[PDB]
Amino acid sequence: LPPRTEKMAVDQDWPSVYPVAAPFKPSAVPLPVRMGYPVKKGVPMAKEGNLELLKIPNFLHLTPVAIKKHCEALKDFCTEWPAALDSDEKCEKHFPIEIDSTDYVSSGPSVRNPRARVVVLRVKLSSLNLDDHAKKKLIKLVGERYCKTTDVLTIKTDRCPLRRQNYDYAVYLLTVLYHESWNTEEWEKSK
Amino acid sequence: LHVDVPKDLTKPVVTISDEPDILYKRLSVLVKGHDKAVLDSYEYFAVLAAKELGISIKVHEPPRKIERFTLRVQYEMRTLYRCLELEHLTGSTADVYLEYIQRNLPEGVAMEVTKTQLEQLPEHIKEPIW
Amino acid sequence: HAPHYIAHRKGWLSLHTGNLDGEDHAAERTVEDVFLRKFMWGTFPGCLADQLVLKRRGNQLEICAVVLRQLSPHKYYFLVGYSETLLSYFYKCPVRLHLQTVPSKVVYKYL
Amino acid sequence: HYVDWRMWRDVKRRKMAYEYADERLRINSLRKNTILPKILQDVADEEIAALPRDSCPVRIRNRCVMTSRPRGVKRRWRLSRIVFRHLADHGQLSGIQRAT
Amino acid sequence: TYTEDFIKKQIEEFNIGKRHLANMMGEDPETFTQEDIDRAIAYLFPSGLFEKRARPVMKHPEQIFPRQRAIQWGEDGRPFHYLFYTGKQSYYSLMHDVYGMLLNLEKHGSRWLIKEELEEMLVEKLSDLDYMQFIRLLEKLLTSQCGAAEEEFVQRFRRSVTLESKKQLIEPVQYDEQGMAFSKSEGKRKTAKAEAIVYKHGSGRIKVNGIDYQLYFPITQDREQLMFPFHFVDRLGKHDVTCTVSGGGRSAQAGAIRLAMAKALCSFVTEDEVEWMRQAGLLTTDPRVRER
Amino acid sequence: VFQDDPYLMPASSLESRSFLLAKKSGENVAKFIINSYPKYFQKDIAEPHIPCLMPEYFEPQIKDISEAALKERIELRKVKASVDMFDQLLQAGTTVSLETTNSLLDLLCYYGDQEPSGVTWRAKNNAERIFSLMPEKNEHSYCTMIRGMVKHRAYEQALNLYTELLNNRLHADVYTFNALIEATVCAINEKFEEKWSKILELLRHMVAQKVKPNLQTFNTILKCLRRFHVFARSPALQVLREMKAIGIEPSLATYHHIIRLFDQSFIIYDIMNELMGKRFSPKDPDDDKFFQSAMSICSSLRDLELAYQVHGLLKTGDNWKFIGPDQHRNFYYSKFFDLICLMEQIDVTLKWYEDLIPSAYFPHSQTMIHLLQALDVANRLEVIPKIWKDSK
RNA sequence: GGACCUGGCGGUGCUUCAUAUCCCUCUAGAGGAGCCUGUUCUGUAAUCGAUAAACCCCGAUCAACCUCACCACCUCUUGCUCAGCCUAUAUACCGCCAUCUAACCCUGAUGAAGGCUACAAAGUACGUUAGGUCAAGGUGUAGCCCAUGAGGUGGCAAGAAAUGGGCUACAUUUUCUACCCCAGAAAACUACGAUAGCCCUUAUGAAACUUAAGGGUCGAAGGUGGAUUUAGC
């Protein structure tokens, strides 16, 4: 049978021809595109039967027209960044704590990645209610987790299997560190 | 379709909950591949989508990695990177944008999305215990 | 084209994330590839005009094959359905075949 | 239906190594501390010795999964050099190319 | 073999495919150009194959398929060109034109065109000796007091090999907040990388990573190396240098700094001194590195 | 569902159906292999676990003589094994739970003493024997038998057992009453008035035992009432008015039944006028038969505006899912396109021709003849070459 | 028998040179000892192959058990497969490597025949081998088939040389310390030097003199090695 690219108008709606990611179909793509290293006094191979064009992860399903149509339909799912937070200067003032967590997208039958459980909490000690002794004790307790140049305490939790459990443990660690920095034992006077 | 067109379309149900929405200060998207042209096309797609959804995006290229080994016959594996830094986007925008660009992730390309959530101090750390 | 043109003129038949730096399960994907190639070559005897292309996106598995117009279309449909179901249950993933027929072997030169 | 007798022997070893691993770890943990009395450490040396010899994790070999080759095996692919080179030269191993 | 009907059908197919591609990419089909076609085909079919000719291509059939001869006579049989029966009508027409230009004058960084591309321009195969004859005529024309049109005619037959080996690039003079003029430059030696700032006025104070140069470079040889650029142009004690170097070893860092100071000092010396520094090897990156 | 390759694209409706059947047969063979040898497919590698890609177990795991094994066999729909084990439990003196025997009798009455793949109710079949053996027969048991006989066409026995149910001072459920209505209509030798009166008496009883109807009762009334042609039109309209008044919404099945009763025809205009703009959900098995029937009317009336209204209803929302199987789809589209060719201006006919063919359906030769006649009427004879190329 | 044509020379000598490999010259090292690692024989109950010759830091990017396919006995038999054989056969083929051995146009009176000058004068267009290899790159065929198959527990003998490769030295341009190049001591026998021997700890493991790291003890030969050889670029 003849290819259906002969029936395609020059002002059709291309996104409907390739709605999703699909392999290159020479009978559906109406382009005289050629791929292959040419032989002596030769021409690159035609699309029909070309395995090289069949090995490309083509973007025929994401053209600027299709991208714009998709992103217009997906606006309804979005929420608006609060206007008050104009830059980092206000983000670090109204929300002192920063929680970094990472997700990994590979290809395989299994989605589990052990590296996704790691959680990192970052807080500036100047944003905590600490007096002089409390700050000194907190620094000496944390050790190298604290960086003097940036004034940032970084607690990285990866003990628990899950990520929610590690986040809870990081919050608990911060709470206990603060409360024990605000406590004075007998041995303290032996400084 | 010229004449036979859908009269009405069932748009998806997107319910506005009452809970507060997560805030992400930054969102780093590191995409890895064996092919630079695919990463460039994916950069174009991702950046255009970010512009069309109103997200603030900046792109850069981490240096490549080359693992050489010998069985003599010497084989090689190149890993190229592209980093898309999104900034000042909420939880719902992050979810929708990430679903879109992960569903459209080309074969042979792995992704690592680092999300920097903004949080307030717990009430237990506002003042010391007496 | 010879093996030393694999990244210059040829591509890679199979595409997945396993061999990237930091990724896991390269051996599992390789064994899956070997079984897929043997299974397809035994389930489509004398039909495959060229090598398979095994593509992997997320959880999906696309076998993009080039076959001949020798076998009847009914048998092609029967084999496609059978292969899809059997491989999907064997690897516990949604496998999918993308047959492309050509009239005959696409000869490039005469070595 | 494994490649040969040698591979089957190694599959047998890996099975029991999995079954006995927890018990070996616990009994091995008693002997690797300078806290418990020597009377107890000396017996765990007997308990660990009596466990079946193939359960020891040191008797497992990384044979190729396709040819059962004992040596020349790249652990990342579990494939001997001859089988790897065959697949890498045909462009059937994603991302692998000959160096230049 | 490609019959003309085949090429015609290919041309029609390319035009329709061009309109389809412009439809796909949202662009206006009318103004859609070959650069746009290349960009669109690079986006839609991403291929990082190193060989640019093994990548997907959507070219005009004229470009991609080879060419053929031209008709040299009409249906009446008369050749179009008056030098047809020589068999080298283009070449001898060119020689005739050149000889006429020489007769008119007698009454009153680049390379010569090479034989194969001369053949391409003439669309005629020609031997070595006739190529030499043409080049001798061109040289004879150049020697004479050639005018503007004659110089354009000669320029038709001369490509570029670049004269920039003469000229090293001079950095621009910048000004610091105090109003002092300075110039910045960079250099590299093995794995060492250096960036130097040379001030127009100074007393010979060189600071390496915030340290005086004699304390950073205990070995006399490295201090010789830092001395070489200023000493060559007799400007010792007349500039201040603030450099930052990283990586490499002792000698690699000394050489990288020396190159950076030479490149920065190029801004404050005469063009003749820039050339002299170039001929002394003071402005050339040393490419010798460890071999695998 | 097909493949875009030219060699594999179906060229005809018969070829399309043949290819789909071949593909399904291949899937079935693969399923047979998977279930026949689970040991080769038990190894799970998918995280998260996918239950739908695991082998299915159709064999009993409990082997002892006990009520739990009986319940297992009833869950697996293994009719003969369940009957044999009920007999063995009786021989073992083990008293069976009422709920378990009710489940068994559900299975038997639904399947009519046959294993899974009509079957006419065979006298003294296993259902009847189990039913007679029951120490206590509750309302569920009687309802399930009566419904079972009605399904397998034992209408008279169904009515007799309903009378016996009444004699036992037990009650019948809505679905039981639907079955009795069908049985009364299927009883032979009775005239229209007698059957209608008996249907009314059944509704009076359904009042008496405080049973409220559902959509299916009225749908079955209309389906059965279809059998009696012109005498039925006013009663059917009255039943529709009743169903609207009670607060039970009509479905596509109800309108299908009314349309097919009246077509043997201006009620379709009001039916459409009420249906315009509405979105529907599957509430009766016969719903998918509406559009076909509706389209049939538009062809017989030769009313093109009504055809566009019906198609626009089909295009609203997810209405298209009610187009039914491929035979119904082809019937609907063939009548639709024939009407367009017959009544519409030729250029709009060509637009519909390109939009509907081959994406929506594969045309029949009669449609090509109609299209050629339309072109002849419109005097656009420049198009016959393209039409013949398409038909080829 | 006269005249002429093509030759070949399956042949030589000499002359000039372009004359790169191979020479020659030139530069910088190692070679003689002590170890280890292959391999040779010998010896042993004790892996294998490499079958004329030219390719042992060979298969092995790794040998306490396992690996292991070697030996002592013991122990099982239709046996992980329905068998299984690292059993033989490429001295059966197959892959592999290797040894050897035109068309047209002009001229000569249309003879054999010949055809260039650029400031241009006719030229334009394999076979072979008792070869290697079954780490199979293959396909077959012969054998064993209550053992040429399984399994268990222990053991592979070592001193005569002959080689190759590596390491480490014989020092003062050296050794130790600070430091990372402006210092202080040591220094030919309590100088340097051992990856030599012996003993003790630590790591891994079920099992360590038996593998590795360190400490102690020890401080051997060694005293710069010709003919040779290794690179140069």
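About the cut-offs
Residues numbered from 1 in each chain as written, not as in the entry; some residues may be left out. Chains lettered and ligands numbered in written order. Part of a larger assembly, values for the part shown. Heavy atoms only, no water. Helix = DSSP H or I, 4+ residues; strand = E, 2+ residues; numbered from the N terminus. Contact = heavy atoms within 4.5 Å. Polar contact = N/O pair within 3.5 Å; in protein donor to acceptor, adjacent residues only side chain to side chain. Patch = residues over 30% accessible without salt bridge, like charges linked within 9 Å, V, L, I, M, F, W, Y side chains within 5 Å. Areas by Shrake-Rupley, 256 points an atom, 1.4 Å probe, with all protein chains shown as cover. Salt bridge = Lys/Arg side-chain N within 4 Å of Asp/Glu carboxyl O. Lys, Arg positive; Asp, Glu negative; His and termini not counted. Charge placed at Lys NZ, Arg CZ, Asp CG, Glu CD. Buried < 20%, exposed > 50% of the residue type's maximum accessible area, 1.4 Å probe, protein only. Pairing = 2+ DSSP bridges. Axes fitted to C-alpha atoms, helices over the stretch in contact; angles between N-to-C directions. Buried area = accessible area lost by both parts, 1.4 Å probe. Nonpolar A, V, L, I, M, F, W, Y, C, P; charged D, E, K, R; others polar. Near = heavy atom within 4 Å.

cryo-EM is the method the PDB entry lists for this structure, together with a resolution of 2.85 Å.

Draft legend 1. A look at the environment of F:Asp64. All names here are of chain F. Mapped onto the fold, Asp 64 is located in the loop between α1 (13-36) and α2 (67-75). The sequence separation of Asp 64 and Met 85 amounts to 21 residues, and the corresponding C-alpha distance is 9.9 Å. For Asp 64, the residues in contact, after removing those within four places along its chain, are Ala 69 and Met 85. Separated by 2.7 Å, the side chains of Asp 64 and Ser 66 make a polar contact.

Draft legend 2. View of a negative patch on the surface. A cluster of acidic residues, A:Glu6, A:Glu48, E:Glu12 and E:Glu13, forms a negative patch on the protein surface. Along the chain, E:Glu13 falls in helix α1 (residues 4-24). The partly exposed category is assigned to E:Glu13, whose relative accessible area is 45%.

Draft legend 3. The arrangement of the sheet that holds strand β1 (residues 14-15) of chain C in detail. Residue and element names in this part refer to chain C. Reading across from one edge, β1-β2-β3-β5 is the order of the 4 strands in this open sheet, with mixed pairing throughout. The sheet terminates laterally at β1 and β5 (95-97), the two strands that pair on one side only. Where β1 lies against strand β2 (residues 53-57), 2 bridges are found, and the strand directions are parallel. What sits directly across from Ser 14, in β2, is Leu 54. Packing of helix α1 (residues 26-43) onto the sheet brings it into contact with β1, β2, β3 (60-64) and β5, and relative to β2 it is tilted by some 135 degrees. In the packing of helix α2 (residues 73-91) onto the sheet, the strands contacted are β3 and β5, and the crossing angle to β5 comes to about 155 degrees.

Draft legend 4. Summary view of the interface of chain C and chain E. Contact residues are listed per partner, giving 4 residues for chain C and 4 residues for chain E. Both sides of the chain C and chain E interface together cover about 380 Å² of buried area, and 60% of this is carbon and sulfur. Ranking the residues of chain C by area buried against chain E places C:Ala7, C:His8 and C:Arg9 at the top, with a combined share of 92%. The tally of links from chain C across to chain E stands at 0 salt bridges. By residue class, the composition of the side of chain C that touches chain E is 1 nonpolar, 1 polar and 2 charged.

Draft legend 5. Representation of unusual backbone geometry in the model. Cis rather than trans, the peptide bond between F:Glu47 and F:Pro48 has omega equal to 5 degrees. With respect to the helices and strands, the residue F:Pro48 is situated in the loop between α1 and α2. For the peptide bond that leads from F:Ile357 to F:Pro358, omega is -5 degrees, which places it in the cis range. The phi dihedral of E:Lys190 is positive, around 55 degrees, even though this residue is not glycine. With respect to the helices and strands, E:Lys190 occurs in the loop between β4 (181-189) and β5 (192-199). Phi at F:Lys210 takes a positive value of approximately 60 degrees, unusual for a residue other than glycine. Mapped onto the elements of the fold, F:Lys210 is located in the loop between α9 (192-208) and α10 (215-225). Assessed through its relative accessible area of 77%, F:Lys210 is described here as exposed.

Draft legend 6. Layout of the sheet that holds strand β7 (residues 211-212) of chain E. Residues and elements named next belong to chain E. The strand order across the open sheet formed by 6 strands is β3-β4-β5-β8-β6-β7, and the pairing between neighbours is mixed. Edge positions in the open sheet fall to β3 (174-175) and β7, since each of these has one partner strand only. Its contacts with the sheet put helix α10 (residues 250-265) on β4, β5, β6 (206-208) and β8 (240-246), and the angle it makes with β4 is roughly 145 degrees.

Draft legend 7. Focus on the protein's contact with RNA strand G. Residue and element names in this part refer to chain D. Around RNA strand G there are 36 residues in total, and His 1, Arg 6, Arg 9, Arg 61 and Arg 81 lie nearest to it. If you look at RNA strand G and keep only atoms within 4 Å of the protein, 62% of those are sugar or phosphate atoms. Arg 59 has a polar side-chain atom sitting 2.6 Å from a base oxygen of RNA strand G. Broken down by element, the residue count for the surface near RNA strand G peaks at 8 residues, all from helix α1 (residues 5-31). The class makeup of the residues in the surface near RNA strand G is 13 nonpolar, 6 polar and 17 charged.

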